[PDB]
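Participant: Supplied in structure tokens, the structure appears directly below.
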Amino acid sequence: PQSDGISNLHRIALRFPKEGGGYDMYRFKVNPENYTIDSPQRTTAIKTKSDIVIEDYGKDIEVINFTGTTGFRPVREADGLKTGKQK
Amino acid sequence: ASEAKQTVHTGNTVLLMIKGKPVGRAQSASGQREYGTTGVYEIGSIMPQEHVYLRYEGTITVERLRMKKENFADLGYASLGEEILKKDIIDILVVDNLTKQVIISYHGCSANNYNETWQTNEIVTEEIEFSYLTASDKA
Amino acid sequence: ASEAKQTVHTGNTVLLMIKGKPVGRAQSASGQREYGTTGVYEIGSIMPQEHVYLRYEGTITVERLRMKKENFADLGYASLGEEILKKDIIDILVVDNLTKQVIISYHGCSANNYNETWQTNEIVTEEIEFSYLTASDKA
Amino acid sequence: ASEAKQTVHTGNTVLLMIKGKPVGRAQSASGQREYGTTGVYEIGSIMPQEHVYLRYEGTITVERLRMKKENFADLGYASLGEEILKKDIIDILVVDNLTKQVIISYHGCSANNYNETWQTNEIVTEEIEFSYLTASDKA
Amino acid sequence: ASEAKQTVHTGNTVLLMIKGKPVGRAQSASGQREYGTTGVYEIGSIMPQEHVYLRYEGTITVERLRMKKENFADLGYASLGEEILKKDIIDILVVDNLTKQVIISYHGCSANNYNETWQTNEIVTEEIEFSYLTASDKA
Amino acid sequence: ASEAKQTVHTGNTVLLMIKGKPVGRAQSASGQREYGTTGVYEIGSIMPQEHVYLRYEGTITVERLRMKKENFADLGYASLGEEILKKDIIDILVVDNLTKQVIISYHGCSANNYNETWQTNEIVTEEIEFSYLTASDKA
Amino acid sequence: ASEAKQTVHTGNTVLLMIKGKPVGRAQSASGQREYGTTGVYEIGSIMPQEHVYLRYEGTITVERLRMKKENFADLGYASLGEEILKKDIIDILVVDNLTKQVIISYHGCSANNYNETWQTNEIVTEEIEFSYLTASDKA
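Residue numbers (the deposited numbering), protein chains in the order written: chain N, 2 to 88; chain R, 2 to 140; chain S, 2 to 140; chain R', 2 to 140; chain S', 2 to 140; chain R'', 2 to 140; chain S'', 2 to 140. A prime marks a further copy of an entry chain.
Okay, here's the thing in structure tokens:
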């Protein structure tokens, strides 16, 4: 949920794979500043001498891109006290 | 009322010192600071998460009636033309007149500008707007 | 007319409390809170159809006459140089004199700019501008 | 001179109402509008062909002495921190004191800012700069 | 001295006529007309060799004390919301009191901004800013 | 003191002339000039090598009480709407009242704006801000 | 008190010398010299570690009451039109009245803007703004 006056903000988390199986849980302590998501389509257009032909092949590989800054002031961690540079 | 027994600084009880020497006929000594504070905004909430510092900025302005000798050029602080490159870090203090005890120091300064005015039936003045690295104090 | 019956708040019926202590010899405190409120416009219709809120731009300024000692910097609220670093978050409260009921409170302030002003003859004056995370109150 | 027989509004004969309730100790109630009018210029002539509207803009500012109770936070209009997202469209009227007849209405508002001042030997104030969608009137 | 012999126009010898009626209890009317005049410069010569005219930026402001009724909005010149839409072009004339000869005229005005101002105690004041297609006159 | 024997110009001893005709009830005649001077800076030194001129700019403002006849529209200088394109280079002088000897001339002008004010119990005025090519003088 | 013993410079003890002659009936002369001083910041540390100097932005303004003749333009310092061209570099000195010792000097001034001001009744006033290559002095 976003801050909507009904629930408090909940920030993004990355769950990386662990060498021996199972997973990490890297959660961001400041959320991104820019967040962009692209959804390209594989549709192509060819122009015949007397008509246009529209052809589609379905959904294409989506792209996720986002940008942000790690906080400055120290913030407690679920198993430590880690600063922004350590994060 | 009494000097030792008041508990606010009047301009009476403050000396202004610079290059280890008291100044005659100084007027104002305004010291302004900006720590460029601008907290991180964050998509998903309306309000800043923490307020954080982005660049120190320190200005001290001194204004003075122009004395016939020992003006800020004669005391060596101010200068005209290229000669400024020969100058070095000037040093400034604010002191208790009643005990000669430092209130604060400005531990490294340089001039921005050296404004001057002559006017009809008026007293001439120097003005200097120094920039400075840091300010500190002990005792 | 009397304190026990007047309907309006005044400079004499309020106390400004910082870190559990009353501020001495302030002159004014002023707070601006702006939500960056903006209307959402639309092609085909000239007028906006709702407002929305952008960033909680929240600030309080404190102007004060310099106590002979125990000023902000000396007592440990303002800072100079890389002292700004160490000065963790500070809390401020505006307090109703007789009962010391809360009027409003500022969870976690943070300095922006600090101005100490000396002038010919007159009393030394101090200015600080604080930005805070969230203002709040309880009765 | 007489109330029923003058033909100009003094601040005497105007009530200010908000959320269906009269306000105590309000001061100014300035309502400003901009219809972003900027007529089309056109190559081949010096002068605009017709003046046309590009975006409605409506601001109503209210300024008030801070009352001990039923301030604009207690009446629910203003608010501090995230809690604003819980708020809803406030509603404001300007009324004939002598007959309780509406002069104009502002049929949907939201706050921009909630400026406040405490000062030495002075009366405290609230200020609100509401933005609003539309204004209308009947009778 | 007398009206029948004075050489100068005054506030008392002029009437402001809008849509065929005299405006009541105005305070000031001021008109700016700027041609955007600009000089044409040249390589090799530092000074411009002619001026040319860009855009007829023409405006008149009207400031008025609020009549108890029949103000601009009530009588049907100013507007609110999507009423701005329907209010077709309006004409204004400045008129020489005795003869009601034309002084100047504004073919087709159009609103820009509308400001109604209430304040403690005092008379309510109104401001409107109009932009027009072409100013003109005949004797 | 005496007219022939003073050696400073009072507004008394100056006539203002325009299109070869003296003006009645003119007020101010401010003439401002900017030669866009901005000397060449140069990498390898702190200071400008020579100060050089980048664009001539000449403005003369005239302010006048609005006369009942022979206003700046009747004298043909000012104009309303498209009709300005029909106008031609106006010509202005500043003259010794005591001898009708030119002090300076403005040898080619055009209007920027034609600001006007009517106000309650006040004298009406014209204002013109002419731009001009060159200024010169002989004898 | 006396000229032979006072410690401060005043409008009455100074003479302004241009091209070897004293300026008559000036009102004020004011000079701004700014080095464009700027601090060099750094990643990882919030405060700047030295200042450096950019451009010698040096200026003097002269304001004067118009002498009946031999003003700046007439006597050959100010200029109009393509006269600016021919007016080679000019030198100015500020001079201590009794001894005519140098106070400060301006090697090679150059005009920026020239303003001649006529107004109803009052004395005609003149303004010139000069920019110079290097200010300097010798005792």
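Backbone N, C-alpha and C define an ideal beta-carbon position, used for all residues, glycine too.
Which residues, in chain order, does the stretch 111-124 of chain R'' contribute to contact with chain S' at a C-beta distance below 7 Å?
Facilitator: Residues passing the 7 Å Cβ filter: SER111, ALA112, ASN113, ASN114, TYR115, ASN116, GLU117, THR118, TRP119, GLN120, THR121, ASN122, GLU123, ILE124.
Participant: If you draw a straight line from the C-alpha of N:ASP57 to the C-alpha of N:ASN66, how long is it?
Facilitator: Distance between the alpha carbons of N:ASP57 and N:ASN66: 25 Å.
Participant: Who are the Cβ neighbours of R'':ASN98 in its own chain at under 8 Å, not counting the five residues just before and after it?
Facilitator: Result list for R'':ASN98: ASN13, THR14, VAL15, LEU16, in chain order.
Participant: Anything in chain R' within Cβ reach of S:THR135, meaning under 8 Å, just list it in chain order.
Facilitator: Chain R' residues near S:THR135: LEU81, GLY82, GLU83.
Participant: Strictly under 7 Å for the Cβ-Cβ distance: is S':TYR107 near chain A by that measure?
Facilitator: Absence of chain A from the displayed structure is noted, the protein chains being N, R, S, R', S', R'' and S''.
Participant: Counting only Cβ pairs nearer than 8 Å, list the residues of chain R'' close to S':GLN28.
Facilitator: By Cβ distance, chain R'' contributes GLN120, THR121.
Participant: Going along the chain, which unbroken runs of the alpha helix (DSSP H) with 4 or more residues stay wholly within the stretch 69-107 of chain R'?
Facilitator: As far as the stretch 69-107 of chain R' is concerned, it has no whole alpha helix (DSSP H) run of at least 4 residues.
Participant: DSSP on R:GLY45, reduced to helix/strand/coil?
Facilitator: Note: R:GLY45 maps to coil in three-state DSSP.
Participant: Less than 7 Å between CB atoms is the rule here; does S':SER132 satisfy it with respect to chain R'?
Facilitator: S':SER132 counts as touching chain R'.
Participant: Do we get a CB-CB distance below 7 Å when we pair N:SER4 with the residues of chain R?
Facilitator: For N:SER4, the answer is yes, since a Cβ of chain R falls inside 7 Å of its Cβ.
Participant: Do S:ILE93 and S:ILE19 count as a contact pair if the criterion is CB distance below 7 Å?
Facilitator: Against a cut-off of 7 Å, the Cβ pair of S:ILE93 and S:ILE19 comes out as a contact.
Participant: Since residue 1 of chain S and S:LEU66 should fall inside the 8 Å C-beta cutoff, what is the C-beta to C-beta distance between them, to a whole number of angstroms?
Facilitator: For chain S, the structure presents residues 2 to 140; residue 1 of chain S sits outside this window and is missing.
Participant: Got a sec? Which residues, its chain only, sit under 6 Å from R':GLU64 by beta carbon, not counting five neighbours each side?
Facilitator: The answer, listed in chain order, is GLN28, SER29, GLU128.
Participant: Cα-Cα, which of R':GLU117, R':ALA2, R':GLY40 is closest to R':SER80?
Facilitator: Looking at the Cα atoms, R':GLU117 is the closest of the given residues.
Participant: Just to make sure I have the definition right: I need the residues of chain R'' whose C-beta is within less than 8 Å of the C-beta of S'':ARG65. Which are they?
Facilitator: Residues of chain R'' passing the Cβ test: none, with the nearest at roughly 10 Å.
Participant: Name the residue from N:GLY85, N:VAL76, N:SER40, N:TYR36 whose alpha carbon lies nearest to the alpha carbon of R:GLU43.
Facilitator: For the residues N:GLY85, N:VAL76, N:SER40, N:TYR36, the minimum Cα distance to R:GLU43 belongs to N:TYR36.
Participant: Do R:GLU35 and S:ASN114 count as a contact pair if the criterion is CB distance below 7 Å?
Facilitator: Their beta carbons are under 7 Å apart, which means S:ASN114 touches R:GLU35 by this criterion.
Participant: Using a Cβ-Cβ cutoff of 7 Å, what residues of the stretch 54-70 of chain N are near chain R? List them in chain order.
Facilitator: Of all residues in the stretch 54-70 of chain N, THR70 have a Cβ within less than 7 Å of some Cβ in chain R.
Participant: Just to confirm the assignment, what range does the beta strand (DSSP E) spanning N:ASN66 have?
Facilitator: Its beta strand (DSSP E) spans residues 64-68.
Participant: Measure the Cβ-Cβ separation of S':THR38 and R'':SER132 and say whether it is below 7 Å.
Facilitator: For S':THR38 and R'':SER132, yes; Cβs fall inside 7 Å.
Participant: Is S:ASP75 closer than 7 Å to S:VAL103 when the C-beta atoms are compared?
Facilitator: Not closer than 7 Å, so no.
Participant: Could you check the C-alpha separation between S:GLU58 and R'':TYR57 for me, to the nearest Å?
Facilitator: Computed Cα separation, rounded: 45 Å.
Participant: For the beta strand (DSSP E) containing R:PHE131, name the first residue and the last one.
Facilitator: Taken as a continuous stretch (DSSP letters only), the beta strand (DSSP E) holding R:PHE131 covers 126-133.
Participant: Indicate whether at least one CB of chain S' lies closer than 7 Å to the CB of R'':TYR78.
Facilitator: Chain S' contact via Cβ: absent.
Participant: DSSP beta-bridge partners for N:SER8?
Facilitator: According to DSSP, N:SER8 bridges with nothing at all.
Participant: Tell me which residues share the same chain as N:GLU34 and place their Cβ nearer than 6 Å to its Cβ, disregarding the 5 neighbours each side in the sequence.
Facilitator: If we look at N:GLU34 and ignore the five residues flanking it on each side, its Cβ neighbours are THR68, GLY69.
Participant: With a CB to CB cut of under 6 Å and the five nearest residues on each side skipped, what residues in its chain are close to R:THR135?
Facilitator: So the list reads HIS108, once near-sequence residues are dropped.
Participant: So, with DSSP's three-state summary, where would you put S:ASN116?
Facilitator: Residue state, collapsed to three classes: strand.
Participant: Check the Cβ of S'':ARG56 against every Cβ in chain R'' and list those closer than 9 Å, keeping chain order.
Facilitator: Correct list: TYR42, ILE47, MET48, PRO49.
Participant: CA-CA distance, S':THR100 and S'':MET68?
Facilitator: Computed Cα separation, rounded: 48 Å.
Participant: Could you check where the beta strand (DSSP E) with S':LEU55 kicks off and where it finishes?
Facilitator: Counting along the chain, S':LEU55 falls outside any beta strand (DSSP E), and DSSP gives it neither H nor E.
Participant: Using beta-carbon positions only, say whether S':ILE85 and S':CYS110 come within less than 7 Å of one another.
Facilitator: Going by C-beta atoms, S':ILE85 is not nearer than 7 Å to S':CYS110.
Participant: Measure from the alpha carbon of S'':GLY40 to the alpha carbon of each residue in S'':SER31, S'':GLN7, S'':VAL53, then state which is nearest.
Facilitator: Among S'':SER31, S'':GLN7, S'':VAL53, the Cα nearest to that of S'':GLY40 is on S'':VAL53.
Participant: Any beta carbon from chain S within less than 7 Å of R':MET68's own beta carbon?
Facilitator: Yes, R':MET68 counts as interfacial toward chain S.
Participant: Looking at the structure shown, is R:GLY12 part of a helix, part of a strand, or coil, going by DSSP?
Facilitator: Helix, per DSSP.
Participant: Considering only C-alpha positions, which residue in the set N:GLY22, N:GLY23, N:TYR24, N:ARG28 is nearest to N:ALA14?
Facilitator: It is N:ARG28 whose Cα lies nearest to the Cα of N:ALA14.
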